[PDB]
Structures are given as C-alpha cells and as structure tokens.
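Notes follow once the structure below has been shown.
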Amino acid sequence: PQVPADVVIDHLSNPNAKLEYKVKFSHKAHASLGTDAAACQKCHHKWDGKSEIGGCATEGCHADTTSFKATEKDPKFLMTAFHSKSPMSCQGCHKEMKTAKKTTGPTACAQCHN
Ligand code: HEC
Ligand code: HEC
Ligand code: HEC
Ligand code: HEC
Ligand SMILES: [Ca+2]
C-alpha cells in the first residue's frame with residue numbers, strides 16, 4: 001500500500017499543557033526498516049499484509065486517549081502503543097535497537113517530542 005508523507009502525530013491532549021506533545025513522524029526516514037509488507041508489520045502489527053492500512057487508535061486497538069502516563073502498560077491506551085518496552089512502540093524500538101547501538105531514532109523524551 002501507499003507509504004504516507006511526513007505527518008505530525010497529535011491524538012492526545014494532555015490537560016497538563018506543559019506535557020502535551022505533537023510529534024513528527026516520517027515514514028521515509030524509517031525506510032532502513034524495509035519497504036516490503038513485513039516492514040510495515042514491524043509497526044502495523046495487526047495488518048493482514050493486503051488490506052488498507054489505518055491508524056493505531058481505532059476501536060479494538062489502542063483507542064483510549066485518557067491515560068497520559070509514559071509508563072502505561074495497558075495496551076488499550078494509545079500511550080502504551082508509543083511508549084512501552086515493546087519493539088513495536090516508538091520508545092521501545094529505538095531503545096531495543098540501542099542495546100547493541102544499532103543506528104536508530106531518538107531514545108530521550110525531549111529529543112523525540114521536540
Ligand atoms: C520519556 C520517558 C517520555 C515521557 C515521560 C513521555 N514520552 Fe512521549 N510521545 C511520543 C508520541 C508519538 C506521542 C503522541 C502524541 C500525541 O498523539 O498527541 C507522545 C506523547 C506523550 C505524552 C502525551 C502528550 C499529549 O499530547 O497529551 C506524554 C505525557 C509523554 N509522551 C511522555 C513519542 C515519544 C518517543 C519517540 C521515540 C519517546 C522516546 C517518548 N515519547 C518518550 C517519552
Ligand atoms: C510499509 C511500507 C508501510 C506502509 C505501507 C504504511 N506504513 Fe505506517 N504508520 C505508522 C504510525 C505510527 C502511523 C500513525 C501515525 C498517526 O497516528 O498519525 C502510520 C500511519 C500509516 C498510514 C495512514 C493510516 C491512517 O489513515 O492514519 C498508512 C497508509 C501507512 N502508515 C502505511 C508507523 C509505521 C512504521 C513504524 C516505524 C512503519 C515501519 C510503517 N508505518 C510502515 C508502513
Ligand atoms: C499502529 C502503527 C500501532 C502501533 C504503533 C501499535 N499497535 Fe497494537 N496491539 C493491539 C492489541 C490487541 C495488542 C495486545 C497484544 C496482542 O494481542 O497482539 C497490541 C499490542 C501492541 C503493543 C505492545 C504493548 C505492550 O507493551 O504490551 C504495541 C507497542 C503496539 N501494539 C503498537 C491492537 C492493535 C490494532 C487492532 C487491530 C491495531 C490496528 C494496532 N494495534 C496498531 C498499532
Ligand atoms: C512512533 C510513531 C515513532 C516515532 C515518533 C519515531 N520512531 Fe523511529 N527509527 C527507527 C530507526 C531504525 C531509525 C533510524 C533510521 C535511519 O537513520 O536509518 C528511526 C529514526 C527515527 C527518527 C529520526 C528521523 C530522522 O530524520 O533522522 C525519529 C524522529 C523517529 N524515529 C521517531 C526505528 C523505529 C521502530 C522500529 C520498529 C519503531 C517502531 C519506530 N522507530 C517508531 C517511531
Ligand atoms: Ca498531543
């Protein structure tokens with residue numbers, strides 16, 4: 001399927017405004033992960049490899065936007081999908097790849113959020 005242009009991820013609206021973030025994400029920058037269907041499945045992990053690809057926060061997925069904890073572990077929350085220790089999350093993949101210092105994205109909170 002079509003690989004999107006750069007976006008700003010902004011699904012969450014932390015009532016503590018100092019901890020509200022709008023986070024740039026580039027499919028193109030992530031091309032080193034691959035461009036085949038399996039590459040897409042490294043993140044779109046429930047995708048069947050054939051259908052339309054959609055967002056992470058639909059019904060039955062990571063739809064709950066009411067936890068604002070970076071340490072959230074319940075997968076029903078969107079925070080978990082971007083932060084958990086799993087290699088499918090933003091923070092989790094970058095940090096797992098950093099285990100033997102493979103080239104990867106930002107691991108620090110502020111460097112990723114900007
Ligand atoms: C290091 C420990 C942290 C901490 C404390 C937080 N983050 Fe992140 N973050 C990332 C993405 C893609 C989002 C989604 C933004 C959105 O959809 O609006 C967030 C969001 C947050 C929040 C909520 C922000 C809000 O607008 O409500 C909070 C409180 C938060 N984070 C804390 C992405 C990343 C990273 C990318 C690799 C990394 C690293 C971090 N976050 C790290 C941290
Ligand atoms: C492999 C080549 C692909 C393809 C074909 C797509 N992706 Fe991704 N993608 C990722 C994240 C976190 C999002 C949501 C960002 C947000 O919440 O704004 C997306 C989004 C998409 C879309 C749009 C879906 C929608 O309607 O919102 C599409 C069409 C899409 N992707 C296709 C994250 C990743 C990855 C993590 C690094 C990787 C790898 C891929 N995507 C790979 C692919
Ligand atoms: C969009 C690209 C994403 C991203 C970044 C993540 N998901 Fe999912 N996810 C879903 C379910 C039911 C689970 C639980 C495990 C399972 O039953 O397979 C998960 C798991 C995750 C994790 C791990 C969370 C943890 O630390 O335990 C992560 C980091 C993650 N996902 C990220 C459900 C769905 C979907 C339903 C079809 C869709 C679509 C997505 N997730 C999309 C994404
Ligand atoms: C969840 C939506 C995210 C977000 C917000 C980011 N990442 Fe990744 N990332 C991965 C790798 C291997 C790289 C290095 C690519 C390379 O240089 O070859 C990156 C890079 C980034 C960046 C930096 C982009 C740039 O312009 O240099 C940023 C801002 C970033 N990421 C944010 C690997 C992964 C994953 C492996 C499965 C996962 C999941 C994510 N990244 C998820 C996210
Ligand atoms: Ca936000």
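The analysis underlying the following values was restricted to heavy atoms, covering all of them including side chains, and did not include hydrogens, waters or symmetry mates. In listed order, ligands and their atoms are each counted from 1. Positions are given from 1 along the sequence.
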Exercise for the section: Name all pairs fulfilling the ring-ring contact (aromatic ring centres under 6.0 Å, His included) condition that reach into residues 19-45, sequence neighbours left out, sorted by first residue then second. Expected result: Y21-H113, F25-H27, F25-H30

Exercise for the section: With heavy atoms of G55 as the reference, note each atom of ligand 2 found under 4.0 Å away. Expected result: 24 (C), 25 (C), 27 (O)

Problem - Least distance between heavy atoms, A29 atom then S26 atom - result: N-OG, 3.0 Å

Completion exercise
The reported gap from CG in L12 to CZ in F68 (rounded to nearest 0.5 angstrom) is 5.5 Å

Problem - Between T107 and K95, a side-chain donor and acceptor under 3.5 Å - result: no

Problem - N/O/S atom of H62 inside 2.8 Å of atom 8 (Fe) of ligand 3, strictly under - result: yes

Problem - Taking atom 28 (C) of ligand 3 as the reference point, the nearest protein heavy atom with its distance - result: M88 CE, 3.8 Å

Exercise for the section: Identify, for atom 26 (O) of ligand 3, the protein heavy atom at the shortest distance, and state residue, atom and that distance. Expected result: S84 OG, 2.6 Å

Handout entry: Closest approach of any protein heavy atom to atom 29 (C) of ligand 2, naming residue and atom
Key = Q2 O, 3.6 Å

Exercise for the section: For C112 and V23, run side chain to side chain contact (heavy atoms under 4.5 Å, CB included): C-alpha distance rounded to whole Å, both residues' side-chain angles, the deciding distance at 0.1 Å, then the answer. Expected result: CA-CA 7 Å; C112 182; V23 182; 4.0 Å; yes

Problem - Proximal ligand 3 atoms for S89, defined as those under 4.0 Å from one of its heavy atoms - result: 29 (C)

Exercise for the section: Answer yes or no for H11: is there a heavy-atom contact with ligand 2 below 4.0 Å? Expected result: yes

Practice task
Quick one: look up the protein heavy atom nearest atom 15 (C) of ligand 2 and list residue, atom name and how far away it is.
Solution key: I9 CG1, 3.9 Å

Exercise for the section: Give the minimum heavy-atom separation between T65 and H11, together with the two atoms involved. Expected result: CG2-O, 4.3 Å

Problem - Atom indices of ligand 3, in the order listed, that fall short of 4.0 Å to a heavy atom of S86 - result: 23 (C), 26 (O), 29 (C)

Handout entry: Donor-acceptor pair, side chain of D36 and main chain of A39, under 3.5 angstrom
Key = yes

Fill in the blank from the handout: atom 27 (O) of ligand 3 sits nearest the protein heavy atom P75 CG, 4.2 Å

Practice task
Identify the heavy atoms of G49 and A37 that sit nearest to each other, and give their distance.
Solution key: O-CB, 4.4 Å

Problem - N, O or S of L12 under 3.0 Å from the Ca ion (ligand 5) - result: yes

Handout entry: Interatomic spacing from SG in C43 to CE in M88 - rounded to 0.5 Å
Key = 8.5 Å

Exercise for the section: Please check if the side chain of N14 supplies one atom and the backbone of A17 the other of a donor-acceptor pair under 3.5 Å. Expected result: no

Exercise for the section: Could you find the nearest protein heavy atom to atom 20 (C) of ligand 3 and give me its residue, atom name and distance? Expected result: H45 CE1, 3.5 Å

Practice task
Give the residue, atom name and distance (to 0.1 Å) of the protein heavy atom nearest atom 24 (C) of ligand 2.
Solution key: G54 C, 3.5 Å

Handout entry: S84 side chain vs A81 backbone, donor-acceptor pair below 3.5 Å
Key = no

Practice task
For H83 and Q91, run side chain to side chain contact (heavy atoms under 4.5 Å, CB included): C-alpha distance rounded to whole Å, both residues' side-chain angles, the deciding distance at 0.1 Å, then the answer.
Solution key: CA-CA 5 Å; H83 296 75; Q91 187 180 210; 3.9 Å; yes

Handout entry: Closest protein heavy atom to atom 16 (C) of ligand 3, given as residue, atom name and distance to 0.1 Å
Key = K46 NZ, 3.5 Å

Problem - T58 side chain to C61 backbone, donor-acceptor under 3.5 Å - result: no

Problem - Numbered atoms and elements of ligand 2 in range of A39, under 4.0 angstrom, heavy atoms - result: 39 (C)

Completion exercise
Atoms listed for atom 8 (Fe) of ligand 2 (protein only, N, O or S, under 2.8 Å, no waters) are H27 NE2, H44 NE2

Handout entry: O (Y21) to the Ca ion (ligand 5) to OD1 (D10) angle, given to the nearest 10 degrees
Key = 100°

Problem - Nearest-neighbour protein heavy atom for atom 36 (C) of ligand 3, which is reported as residue plus atom name and distance - result: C61 SG, 2.3 Å

Problem - More than 12 heavy atoms from other groups under 6.0 Å of NZ on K69 - result: no

Handout entry: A100 backbone acceptor or donor facing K102 side chain under 3.5 Å
Key = no

Practice task
Mark whether atom 6 (C) of ligand 3 lies under 4.0 angstrom from at least one protein heavy atom.
Solution key: yes

Handout entry: Contacting atoms of ligand 2, where contact means under 4.0 angstrom from a heavy atom of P1
Key = 5 (C)

Practice task
Indicate yes or no: at least one non-hydrogen side-chain atom of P1 is less than 4.5 angstrom from one of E52.
Solution key: no

Exercise for the section: Considering heavy atoms of the protein only, find what lies nearest to atom 14 (C) of ligand 2 and give residue, atom and distance to 0.1 Å. Expected result: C56 SG, 4.4 Å

Fill in the blank from the handout: Answer key: the N, O or S atom of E20 nearest to the Ca ion (ligand 5) is OE2

Problem - Contacting atoms of ligand 2, where contact means under 4.0 angstrom from a heavy atom of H30 - result: 37 (C)

Problem - Under 3.5 Å side-chain donor-acceptor pair for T80 and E72 - result: no

Practice task
Measure from the Ca ion (ligand 5) to each N, O or S atom of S13 and report whether any distance is below 3.0 Å.
Solution key: no

Practice task
Supply the atom-to-atom distance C90 SG to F82 CZ, rounded to the nearest 0.5 angstrom.
Solution key: 5.5 Å

Problem - Protein contact to atom 11 (C) of ligand 2 [nearest heavy atom, distance to 0.1 Å] - result: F25 CE2, 4.1 Å

